[PDB]
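Note sheet for the following structure.
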Ligand SMILES: *[C@@H]1O[C@H](CO)[C@@H](O)[C@H](O)[C@H]1NC(C)=O
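Residue numbers (PDB author numbering), protein chains in the order written: chain C, 696 to 744; chain B, 548 to 596.
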């Protein structure tokens, strides 16, 4: 049976806050399709050669 | 058929008379008189715009 992720109880209370004391600069890659090959078929030459 | 005949580097085994493409079309021939192996490529074609 598949795991959905690690389980985590966030430390919530009516007067507690967490504040980050540092940071990390992250570089992420996203790849997107933009075009496909421009095919052409001559219908008469495909069908009748 | 109709095409451009040319001498070829295809090593036909002694029992083979034709070569065929993915489309069943004859891609090469053995000449019946002098046993040359000839490629066949179609005569050049394209859209006119
Ligand atoms: C047939 O052609 C080949 C060469 O293409 C030749 O060797 C052979 O002698 C010919 N046979 C006859 C009966 O003409």
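Even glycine gets a Cβ: it sits at the ideal position worked out from N, Cα and C.
Secondary structure of residue i, DSSP reduced to three states
i             : result
residue 584/B : strand
residue 707/C : coil
residue 697/C : coil
residue 723/C : coil
residue 742/C : helix
Beta-bridge pairing of residue i - partner residues as DSSP gives them
i             : result
residue 551/B : 588/B
residue 566/B : 575/B
In the stretch 731–743 of chain C, which residues sit with their C-beta less than 8 Å from some C-beta in chain B, listed in chain order?
735, 737, 740
Is it the case that the stretch 706–725 of chain C contacts the stretch 554–561 of chain B, given that we only count it when at least three CB pairs across the two stretches are under 8 Å?
no
Mind listing which residues of the stretch 573–595 of chain B have their C-beta closer than 8 Å to chain C's C-betas, in chain order?
592, 594
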